[PDB]
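Next up, model-v5.pdb (PDB, C-alpha atoms (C1' of nucleotides)):
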```pdb
ATOM      1  CA  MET A   1      63.254  65.075 169.052
ATOM      2  CA  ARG A   2      62.252  65.812 165.486
ATOM      3  CA  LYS A   3      59.104  66.227 167.653
ATOM      4  CA  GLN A   4      60.698  69.397 168.914
ATOM      5  CA  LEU A   5      61.012  69.918 165.161
ATOM      6  CA  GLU A   6      57.186  69.928 165.219
ATOM      7  CA  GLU A   7      56.730  72.341 168.210
ATOM      8  CA  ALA A   8      59.114  74.498 166.335
ATOM      9  CA  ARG A   9      56.975  74.445 163.199
ATOM     10  CA  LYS A  10      54.090  75.348 165.516
ATOM     11  CA  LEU A  11      55.232  78.539 167.212
ATOM     12  CA  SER A  12      56.173  81.762 165.325
ATOM     13  CA  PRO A  13      56.103  85.542 166.320
ATOM     14  CA  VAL A  14      57.259  87.131 169.558
ATOM     15  CA  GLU A  15      56.613  83.485 170.320
ATOM     16  CA  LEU A  16      59.519  81.759 168.636
ATOM     17  CA  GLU A  17      61.379  84.915 169.458
ATOM     18  CA  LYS A  18      61.039  84.833 173.242
ATOM     19  CA  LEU A  19      61.192  81.020 173.183
ATOM     20  CA  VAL A  20      64.616  80.953 171.437
ATOM     21  CA  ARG A  21      65.827  83.851 173.543
ATOM     22  CA  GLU A  22      65.065  82.127 176.772
ATOM     23  CA  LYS A  23      66.396  78.795 175.638
ATOM     24  CA  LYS A  24      69.657  80.305 174.381
ATOM     25  CA  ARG A  25      69.936  81.850 177.799
ATOM     26  CA  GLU A  26      69.468  78.356 179.277
ATOM     27  CA  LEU A  27      72.485  77.370 177.207
ATOM     28  CA  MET A  28      74.364  80.254 178.820
ATOM     29  CA  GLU A  29      73.443  78.398 182.002
ATOM     30  CA  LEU A  30      75.170  75.454 180.381
ATOM     31  CA  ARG A  31      78.331  77.444 179.605
ATOM     32  CA  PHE A  32      78.513  78.271 183.316
ATOM     33  CA  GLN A  33      77.928  74.585 184.019
ATOM     34  CA  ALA A  34      81.327  74.245 182.311
ATOM     35  CA  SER A  35      83.123  73.182 185.547
ATOM     36  CA  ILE A  36      80.307  71.347 187.530
ATOM     37  CA  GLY A  37      78.317  68.166 186.760
ATOM     38  CA  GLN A  38      79.431  68.188 183.137
ATOM     39  CA  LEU A  39      79.099  64.372 182.733
ATOM     40  CA  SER A  40      75.447  63.932 181.568
ATOM     41  CA  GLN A  41      75.548  67.665 180.682
ATOM     42  CA  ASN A  42      77.475  67.183 177.383
ATOM     43  CA  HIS A  43      74.311  66.492 175.460
ATOM     44  CA  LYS A  44      72.382  69.350 177.004
ATOM     45  CA  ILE A  45      75.079  71.560 175.506
ATOM     46  CA  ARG A  46      75.659  70.169 171.997
ATOM     47  CA  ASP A  47      72.072  69.418 171.505
ATOM     48  CA  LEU A  48      70.709  72.557 173.130
ATOM     49  CA  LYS A  49      72.804  74.465 170.680
ATOM     50  CA  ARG A  50      71.392  72.296 167.880
ATOM     51  CA  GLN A  51      67.805  72.870 169.110
ATOM     52  CA  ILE A  52      68.071  76.625 169.274
ATOM     53  CA  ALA A  53      69.647  76.270 165.824
ATOM     54  CA  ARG A  54      66.316  74.681 164.937
ATOM     55  CA  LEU A  55      64.311  77.618 166.445
ATOM     56  CA  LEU A  56      66.396  79.925 164.325
ATOM     57  CA  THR A  57      66.186  77.980 161.030
ATOM     58  CA  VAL A  58      62.480  78.285 161.750
ATOM     59  CA  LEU A  59      62.170  82.012 162.269
ATOM     60  CA  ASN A  60      63.922  82.235 158.948
ATOM     61  CA  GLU A  61      61.407  79.842 157.454
ATOM     62  CA  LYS A  62      58.488  81.757 158.991
ATOM     63  CA  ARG A  63      59.129  85.400 158.417
ATOM     64  CA  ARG A  64      61.178  84.976 155.241
ATOM     65  CA  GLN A  65      58.263  82.898 153.920
ATOM     66  CA  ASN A  66      56.130  85.881 154.975
ATOM     67  CA  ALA A  67      58.006  88.651 153.132
TER
ATOM     68  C1'   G B   1     180.934  19.546 188.292
ATOM     69  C1'   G B   2     183.296  24.892 188.636
ATOM     70  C1'   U B   3     186.169  29.642 185.892
ATOM     71  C1'   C B   4     187.694  32.279 181.305
ATOM     72  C1'   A B   5     187.698  32.908 175.942
ATOM     73  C1'   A B   6     185.688  32.493 171.335
ATOM     74  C1'   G B   7     181.100  31.578 167.674
ATOM     75  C1'   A B   8     176.049  31.449 166.249
ATOM     76  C1'   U B   9     170.812  31.859 167.071
ATOM     77  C1'   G B  10     166.383  33.347 171.403
ATOM     78  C1'   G B  11     161.439  34.598 173.286
ATOM     79  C1'   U B  12     160.412  39.563 175.414
ATOM     80  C1'   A B  13     155.351  44.862 172.090
ATOM     81  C1'   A B  14     154.619  50.790 173.408
ATOM     82  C1'   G B  15     152.153  50.617 169.114
ATOM     83  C1'   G B  16     151.950  49.040 163.919
ATOM     84  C1'   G B  17     150.982  46.173 159.242
ATOM     85  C1'   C B  18     148.240  41.798 156.479
ATOM     86  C1'   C B  19     144.185  37.704 157.196
ATOM     87  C1'   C B  20     139.215  35.837 160.138
ATOM     88  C1'   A B  21     136.083  36.472 163.985
ATOM     89  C1'   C B  22     131.625  39.371 166.469
ATOM     90  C1'   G B  23     129.481  44.426 166.947
ATOM     91  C1'   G B  24     128.812  50.166 165.947
ATOM     92  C1'   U B  25     127.788  54.085 163.426
ATOM     93  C1'   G B  26     126.325  55.529 158.119
ATOM     94  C1'   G B  27     121.908  53.986 154.284
ATOM     95  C1'   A B  28     122.971  51.647 149.551
ATOM     96  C1'   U B  29     118.943  49.425 148.055
ATOM     97  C1'   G B  30     115.677  44.980 146.778
ATOM     98  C1'   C B  31     111.334  45.297 147.025
ATOM     99  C1'   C B  32     107.169  48.347 148.401
ATOM    100  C1'   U B  33     102.564  52.479 148.261
ATOM    101  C1'   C B  34      96.352  56.189 149.689
ATOM    102  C1'   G B  35     102.421  60.530 144.920
ATOM    103  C1'   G B  36     103.873  62.182 140.281
ATOM    104  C1'   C B  37     104.357  61.977 134.700
ATOM    105  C1'   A B  38     102.149  61.246 129.257
ATOM    106  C1'   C B  39      98.144  60.596 126.403
ATOM    107  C1'   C B  40      93.011  60.376 125.216
ATOM    108  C1'   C B  41      87.250  61.039 126.314
ATOM    109  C1'   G B  42      84.916  63.497 129.467
ATOM    110  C1'   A B  43      84.056  68.721 131.556
ATOM    111  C1'   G B  44      84.385  74.024 130.975
ATOM    112  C1'   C B  45      82.967  79.315 133.387
ATOM    113  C1'   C B  46      82.861  82.177 139.319
ATOM    114  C1'   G B  47      81.497  87.541 140.648
ATOM    115  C1'   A B  48      78.653  91.794 144.424
ATOM    116  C1'   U B  49      71.971  86.816 145.835
ATOM    117  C1'   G B  50      79.637  90.975 148.079
ATOM    118  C1'   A B  51      83.543  85.413 143.858
ATOM    119  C1'   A B  52      88.037  83.789 143.702
ATOM    120  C1'   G B  53      91.252  84.305 148.114
ATOM    121  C1'   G B  54      92.564  84.890 153.608
ATOM    122  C1'   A B  55      92.064  87.211 158.594
ATOM    123  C1'   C B  56      89.775  86.113 163.585
ATOM    124  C1'   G B  57      86.378  81.140 165.306
ATOM    125  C1'   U B  58      83.549  76.334 167.518
ATOM    126  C1'   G B  59      83.713  71.554 168.164
ATOM    127  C1'   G B  60      82.333  69.421 177.159
ATOM    128  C1'   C B  61      87.923  67.975 177.408
ATOM    129  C1'   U B  62      91.043  70.098 172.172
ATOM    130  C1'   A B  63      98.067  73.648 169.912
ATOM    131  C1'   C B  64      97.299  71.256 165.294
ATOM    132  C1'   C B  65      94.883  69.048 160.130
ATOM    133  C1'   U B  66      88.763  69.226 158.597
ATOM    134  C1'   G B  67      84.642  70.980 158.243
ATOM    135  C1'   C B  68      81.425  74.602 159.376
ATOM    136  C1'   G B  69      81.054  80.329 161.394
ATOM    137  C1'   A B  70      78.050  83.029 166.242
ATOM    138  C1'   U B  71      71.848  79.156 164.542
ATOM    139  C1'   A B  72      80.074  77.297 163.241
ATOM    140  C1'   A B  73      82.370  67.845 165.630
ATOM    141  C1'   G B  74      77.297  71.900 161.977
ATOM    142  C1'   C B  75      69.885  73.283 162.410
ATOM    143  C1'   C B  76      65.827  72.237 157.410
ATOM    144  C1'   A B  77      63.170  69.891 153.461
ATOM    145  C1'   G B  78      63.380  66.576 149.576
ATOM    146  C1'   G B  79      66.220  62.020 146.505
ATOM    147  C1'   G B  80      69.651  57.691 148.135
ATOM    148  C1'   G B  81      70.812  53.903 152.349
TER
END
```
Target encoding structure tokens, full file:
Amino acid sequence: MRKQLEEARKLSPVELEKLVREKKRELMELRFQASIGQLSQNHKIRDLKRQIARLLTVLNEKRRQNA
RNA sequence: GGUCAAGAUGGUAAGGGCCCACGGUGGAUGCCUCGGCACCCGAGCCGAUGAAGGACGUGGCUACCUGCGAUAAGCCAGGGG
């Protein structure tokens, strides 16, 4: 989903902020999932981490670029 | 064929010794390397933009060895394939 890469690029302020916050939370969800479905979940976890990692890398890009 | 007397040698292993037989432990060692050694060209400074160097981490399932450090079996862009 380098496409997600794009959406990332797109957002920015309290935007990217709240977006990453929520998503991270979703990953919490995952963590709890640690003992349920799990099977197709694997990705959701590794990746999800990765993706929020993206969000982050971005905020750095964005506001650091700013100041 | 039966009795006595006289004379000389006999096989009998508990275990043991020497020789061969087939194994057992013990690794020589013959050969064999992703390991050293010696030289010679290259190369030659890192550090608070908190270094060298370690502590505690994460890899869904992971004690350890690796790599990352909480954005942690790593996210970004560019050069390779």
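With CA of residue 26 in chain A on one side and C1' of residue 61 in chain B on the other, the separation reads 21.3 Å.
When CA of residue 6 in chain A is paired with CA of residue 60 in chain A, their separation reads 15.4 Å.
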Within 6 Å of chain B: each chain A residue with its shortest pair, only C-alpha atoms (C1' of nucleotides), as CSV:
```
residue,atom,partner,partner_atom,distance
A:42,CA,B:60,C1',5.4
A:50,CA,B:75,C1',5.8
A:53,CA,B:71,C1',3.8
A:54,CA,B:75,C1',4.6
A:56,CA,B:71,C1',5.5
```
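As for CA of residue 30 in chain A and CA of residue 18 in chain A, they are spaced 18.4 Å apart.
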First collect every listed atom of range 18-33 of chain B; then fit an axis-aligned box around them, widen it by 4 Å on each side, and give centre and edge lengths in Å to one decimal, as JSON.
```
{"center_x": 125.4, "center_y": 45.7, "center_z": 156.9, "size_x": 53.7, "size_y": 27.7, "size_z": 28.2}
```
Contacts of residue 12 in chain A at 10 Å (all atoms listed in the file; same-chain gap of 3+ positions) as number ranges by chain
A: 7-9, 15-19, 55, 58-59, 61-63
